[PDB]
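Everything below concerns the one structure shown next.
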Amino acid sequence: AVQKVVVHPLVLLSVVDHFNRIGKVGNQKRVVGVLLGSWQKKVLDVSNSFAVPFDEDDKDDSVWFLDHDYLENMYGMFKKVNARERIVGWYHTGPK
Amino acid sequence: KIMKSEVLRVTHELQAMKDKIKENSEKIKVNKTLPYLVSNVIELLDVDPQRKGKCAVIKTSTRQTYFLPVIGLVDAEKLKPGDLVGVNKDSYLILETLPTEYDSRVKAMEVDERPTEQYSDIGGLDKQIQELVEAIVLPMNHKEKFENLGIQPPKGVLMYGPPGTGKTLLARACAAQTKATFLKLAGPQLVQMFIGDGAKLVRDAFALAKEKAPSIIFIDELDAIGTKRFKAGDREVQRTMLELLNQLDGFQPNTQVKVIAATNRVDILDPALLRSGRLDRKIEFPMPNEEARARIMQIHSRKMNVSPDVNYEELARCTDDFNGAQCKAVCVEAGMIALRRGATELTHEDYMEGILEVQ
Amino acid sequence: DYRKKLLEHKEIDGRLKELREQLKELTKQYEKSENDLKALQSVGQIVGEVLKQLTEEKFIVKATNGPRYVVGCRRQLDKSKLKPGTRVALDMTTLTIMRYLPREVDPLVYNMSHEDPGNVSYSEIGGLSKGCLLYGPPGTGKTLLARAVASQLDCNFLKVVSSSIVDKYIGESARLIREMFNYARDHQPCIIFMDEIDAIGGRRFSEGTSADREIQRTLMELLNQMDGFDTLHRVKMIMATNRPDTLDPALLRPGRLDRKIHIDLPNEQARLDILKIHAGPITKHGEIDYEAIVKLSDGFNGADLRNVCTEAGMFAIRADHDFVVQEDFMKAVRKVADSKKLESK
């Protein structure tokens, strides 16, 4: 379906912000961010993105915490200020 | 009813949509508030090879041409080459399209809301005016019954007869009964110095009749320009005139506002004026006799202090080969010198005094 | 007890399922509102014209306002429409090219925009089984027939009005005869309508003035392009008129007007058929008798027969009766039709 994608460095610098706003707590887990882009054309083009509070469990891996109201509110306001970009997917900073 | 229990979730989603449309529908007021300028629109269909081809040509008032596709809300009367459209500062989008005038010299030809005189001011013409009173009342209120019977009222009525008979104030008197907007128009007004003006006047008449609310457009002195010559100016009036007849022959949606016409003479009768939409209603209005002239003069003179000893024989004998508006001028003249005659009551010699005065 | 609860619950389910159609129909328009709000985001485009192209990728544009610029090529479009001589569109930012702008004209919009719908009119003409003459005996409906096939397909809407050969200035209308007939020779399909030709059909019996000599000169161009040195095997003209007496007997040669179609109501089946197609949406009493209306009507006008029948519907509506007896049809078509015979001079 999709042959190639285009990722702007703005989202990776937003991962630099993911590593900036930690606050020195000692968790530094795989913070999941809501990836945004343009799924209309065959090629994928990421312009910007945002994040959602994501926390897992130490022992049990099947624990995952997301939010629907925060996604619909951040996506609703982001669509209100810029309707040319919509939800496409997500991304995690974990290496594994 | 277990299968019908999922309808509640659908109704909750729909009422949630009605709850969430208030914001994106609320910004319509702040984005579509006021188009700051006026830009002319010219329709030009494009082709993209959805990916459908649709575009339009724009022209601003400052003589600047830009590019934009056909956009906006649901359009029904739009997509025409008109003016006075909605536009933002620099986005140059179409938001609110409304048809506009200019050249107000033709737009404000005769701006009349409603007249004062009514149909009850004449006497002895109900046998021939009743068909017109019906032909203006029943097409205004009985539109519902027009579908059961499949009836479309005619748009061209020929109110012809000798001049001075009052074919204008009487049609206006019926226009008071129409209750619609009255709009006069003169024949010679089509003859202008510049070229192509008659097309703008005709398309202006059908622009206000087509665009505006149900109104009444009565024209007069059509015979003064309805000459069938075989350069010539009346052949230019054959371009404009035959253009109007083409707009009364090639337009099936012409079921809208009627076009009433009146000619002061039928010497040069255009043979192409016979059609359902054209001047088909040909009711002859001859010169009123002394009886009918005494009737219209009596009802037109029922307000002044007229002496009760009027046998109508002297005025009936003096009024020979006269018209309606002539006896109206006799009534007005009697109301003019009857003031300076000292006697506040109208005398009997004032009739022949006015007849021999103005005629 | 048990058998009635299934039907009653079917009624509650009915009134429960009959309320969704009042919302799910307008929700499509409500979502279409936001679809348009997302469709109005493409703003800021300008136009331009291409005269000279130096580089195949980047060429010179000519804006309408007067200042000229140079733009590049967008990765989406190709070099097909990029050739010079085609009006294109530009953007304010980066001067990119979204698409082109096809040229057009003012009267070309009128000649390529008017379209009359209706496909039943081809079968509503009644019992009617290089040029055509539609003359004017006591019977009308030529506009309903020419506009009936014209409303059916016509392959175009090339209407030629008899008021378009005025030529207020010097009578050089040959540029319009050769221009419009040159368009007819250019476009492979073409159908020409000539309505109300009696105004331009002067017999030039006596010495005509300058106004008549130019129209008769356009008739000389018609001679030179009908029986001159130009064939008209593929194009067709429809000469409609009103009086078959002053129809240019020089132009009445069978080389142009092959057949003659007398628009009338001669046949009883044609008058009955047109009476039935005009009597479609009319309501009336169960007592139907059309043979008296068809029999008493002798040589009348079709559209004016519609005006006389609807005039009998107005005569019947004067007494504001919903049902309409055919007595007012026989006596109102009789009397009003006799008034048409009085005004048939």
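Residue numbering restarts at 1 in every chain; chains get A, B, ... in the order shown in the structure tokens, and ligands count up from 1 in that same order.
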
query = Near residue C:42, counting only C-alpha atoms, which residues have an atom at most 10 Å away, once you skip same-chain residues fewer than 3 positions from it, shown as a PyMOL selection string?
reply = (chain A and resi 84) or (chain B and resi 68-69+71+91-93) or (chain C and resi 38-39+45)

Using only C-alpha atoms, I'd like a table of the residues in chain C that come within 6 Å of chain B; for each, show the closest atom pair and its distance in Å rounded to one decimal, ordered by chain and ascending number, as a Markdown table.
```
| residue | atom | partner | partner_atom | distance |
| --- | --- | --- | --- | --- |
| C:43 | CA | B:91 | CA | 5.0 |
| C:44 | CA | B:91 | CA | 5.4 |
| C:45 | CA | B:67 | CA | 4.8 |
| C:46 | CA | B:66 | CA | 4.2 |
| C:47 | CA | B:66 | CA | 5.5 |
| C:65 | CA | B:64 | CA | 6.0 |
| C:163 | CA | B:239 | CA | 4.8 |
| C:211 | CA | B:231 | CA | 4.5 |
| C:281 | CA | B:150 | CA | 4.8 |
| C:282 | CA | B:149 | CA | 4.2 |
| C:283 | CA | B:149 | CA | 5.4 |
```

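Minimum distance to residue C:173 across C:290, C:206, C:157, C:216 (counting only C-alpha atoms) occurs at C:216.
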
query = In Å, with one decimal, what is the gap from atom CA of residue C:75 to atom CA of residue A:82?
reply = 24.3 Å

Can you list every residue of chain A that has an atom at most 12 Å from chain C, with its nearest atom pair and the distance in Å to one decimal, using only C-alpha atoms, ordered by chain then number, as a Markdown table?
```
| residue | atom | partner | partner_atom | distance |
| --- | --- | --- | --- | --- |
| A:41 | CA | C:76 | CA | 11.6 |
| A:79 | CA | C:38 | CA | 10.0 |
| A:80 | CA | C:38 | CA | 10.3 |
| A:81 | CA | C:41 | CA | 11.6 |
| A:82 | CA | C:41 | CA | 9.6 |
| A:83 | CA | C:38 | CA | 6.6 |
| A:84 | CA | C:38 | CA | 7.6 |
| A:85 | CA | C:38 | CA | 10.6 |
| A:86 | CA | C:38 | CA | 11.7 |
```

Write the residues of the preceding selection, restricted to N, CA, C and O atoms, as a PDB file, in the first residue's frame.
```pdb
ATOM      1  N   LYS A  41      -2.432  11.179   0.862  1.00  0.00           N
ATOM      2  CA  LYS A  41      -1.603  10.755  -0.254  1.00  0.00           C
ATOM      3  C   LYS A  41      -0.969   9.397   0.045  1.00  0.00           C
ATOM      4  O   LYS A  41      -0.911   8.948   1.193  1.00  0.00           O
ATOM      5  N   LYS A  79      -6.968  19.890  15.362  1.00  0.00           N
ATOM      6  CA  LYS A  79      -7.718  19.930  14.111  1.00  0.00           C
ATOM      7  C   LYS A  79      -8.441  21.259  13.942  1.00  0.00           C
ATOM      8  O   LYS A  79      -8.664  21.704  12.810  1.00  0.00           O
ATOM      9  N   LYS A  80      -8.805  21.909  15.050  1.00  0.00           N
ATOM     10  CA  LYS A  80      -9.452  23.214  14.962  1.00  0.00           C
ATOM     11  C   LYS A  80      -8.467  24.288  14.518  1.00  0.00           C
ATOM     12  O   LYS A  80      -8.831  25.197  13.762  1.00  0.00           O
ATOM     13  N   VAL A  81      -7.218  24.201  14.972  1.00  0.00           N
ATOM     14  CA  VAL A  81      -6.208  25.165  14.550  1.00  0.00           C
ATOM     15  C   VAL A  81      -5.574  24.772  13.215  1.00  0.00           C
ATOM     16  O   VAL A  81      -5.161  25.647  12.448  1.00  0.00           O
ATOM     17  N   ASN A  82      -5.504  23.475  12.910  1.00  0.00           N
ATOM     18  CA  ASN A  82      -4.934  23.012  11.645  1.00  0.00           C
ATOM     19  C   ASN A  82      -5.676  21.739  11.249  1.00  0.00           C
ATOM     20  O   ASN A  82      -5.421  20.669  11.809  1.00  0.00           O
ATOM     21  N   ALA A  83      -6.581  21.859  10.281  1.00  0.00           N
ATOM     22  CA  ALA A  83      -7.384  20.734   9.821  1.00  0.00           C
ATOM     23  C   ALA A  83      -6.748  19.984   8.660  1.00  0.00           C
ATOM     24  O   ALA A  83      -7.351  19.034   8.150  1.00  0.00           O
ATOM     25  N   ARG A  84      -5.550  20.381   8.230  1.00  0.00           N
ATOM     26  CA  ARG A  84      -4.872  19.712   7.128  1.00  0.00           C
ATOM     27  C   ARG A  84      -4.138  18.449   7.560  1.00  0.00           C
ATOM     28  O   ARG A  84      -3.671  17.700   6.697  1.00  0.00           O
ATOM     29  N   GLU A  85      -4.027  18.197   8.862  1.00  0.00           N
ATOM     30  CA  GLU A  85      -3.332  17.029   9.384  1.00  0.00           C
ATOM     31  C   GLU A  85      -4.247  16.289  10.349  1.00  0.00           C
ATOM     32  O   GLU A  85      -4.935  16.911  11.163  1.00  0.00           O
ATOM     33  N   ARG A  86      -4.253  14.962  10.252  1.00  0.00           N
ATOM     34  CA  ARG A  86      -5.113  14.121  11.071  1.00  0.00           C
ATOM     35  C   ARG A  86      -4.291  13.008  11.708  1.00  0.00           C
ATOM     36  O   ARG A  86      -3.096  12.852  11.442  1.00  0.00           O
TER      37      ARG A  86
END
```

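If you measure from each of C:221, C:327, C:273, C:196 to residue C:135 using only C-alpha atoms, the closest one turns out to be C:196.
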
message = Residues of stretch 92-211 of chain C classed as helix (DSSP H, G or I) by DSSP on the backbone are to be reported as JSON, numbers by chain.
response = {"C": [106, 107, 108, 109, 110, 111, 121, 122, 123, 142, 143, 144, 145, 146, 147, 148, 149, 150, 151, 152, 174, 175, 176, 177, 178, 179, 180, 181, 182, 183, 184, 185, 186, 210, 211]}

request  = Show which residues sit within 12 Å of stretch 196-202 of chain B, as a PyMOL selection string. Count only C-alpha atoms, and ignore same-chain residues fewer than 4 positions away.
outcome  = (chain B and resi 101-109+185-192+206-210+217+219+236-248+259) or (chain C and resi 163+166-168)

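Closest approach to chain B among A:7, A:74, A:40, A:55 is made by A:40 (distances from only C-alpha atoms).
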
remark   = Of C:53, C:263, C:26, C:344, the one sitting nearest residue C:303 when using only C-alpha atoms is C:263

Residue neighbourhood stretch 286-289 of chain B, 8 Å, only C-alpha atoms, exclusion window fewer than 2 positions, as a compact mmCIF listing (two decimals) with N, CA, C and O atoms, in the first residue's frame:
```txt
# COMPACT_ATOMS: atom_id res chain seq x y z
N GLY B 161 -55.81 49.35 -26.70
CA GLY B 161 -56.94 50.21 -26.91
C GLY B 161 -56.51 51.62 -27.28
O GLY B 161 -55.32 51.93 -27.32
N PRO B 162 -57.48 52.49 -27.55
CA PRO B 162 -57.14 53.87 -27.88
C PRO B 162 -56.49 54.57 -26.70
O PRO B 162 -56.73 54.21 -25.54
N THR B 165 -57.43 56.26 -22.42
CA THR B 165 -58.46 55.46 -21.76
C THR B 165 -58.08 55.10 -20.32
O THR B 165 -58.93 54.58 -19.59
N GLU B 284 -60.04 43.54 -25.80
CA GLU B 284 -60.17 44.85 -26.42
C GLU B 284 -60.81 45.84 -25.46
O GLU B 284 -61.85 45.55 -24.86
N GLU B 291 -72.18 56.91 -21.15
CA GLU B 291 -72.63 56.23 -19.94
C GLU B 291 -71.44 55.77 -19.10
O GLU B 291 -71.37 56.04 -17.90
N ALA B 292 -70.49 55.06 -19.73
CA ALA B 292 -69.31 54.61 -19.00
C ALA B 292 -68.45 55.78 -18.54
O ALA B 292 -67.85 55.72 -17.46
N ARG B 293 -68.39 56.86 -19.33
CA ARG B 293 -67.65 58.03 -18.90
C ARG B 293 -68.33 58.73 -17.74
O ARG B 293 -67.66 59.30 -16.87
N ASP B 320 -68.48 63.63 -26.26
CA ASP B 320 -68.59 62.91 -27.53
C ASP B 320 -67.20 62.50 -27.98
O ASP B 320 -66.32 63.35 -28.16
N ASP B 321 -67.00 61.19 -28.15
CA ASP B 321 -65.73 60.63 -28.61
C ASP B 321 -64.58 61.01 -27.67
O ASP B 321 -63.48 61.36 -28.12
N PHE B 322 -64.84 60.96 -26.37
CA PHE B 322 -63.83 61.26 -25.37
C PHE B 322 -63.30 59.96 -24.77
O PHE B 322 -63.71 58.85 -25.12
N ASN B 323 -62.36 60.10 -23.83
CA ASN B 323 -61.70 58.97 -23.20
C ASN B 323 -61.83 59.09 -21.68
O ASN B 323 -62.42 60.04 -21.16
N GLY B 324 -61.27 58.11 -20.98
CA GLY B 324 -61.35 58.07 -19.53
C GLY B 324 -60.52 59.14 -18.84
O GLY B 324 -61.03 59.90 -18.02
```
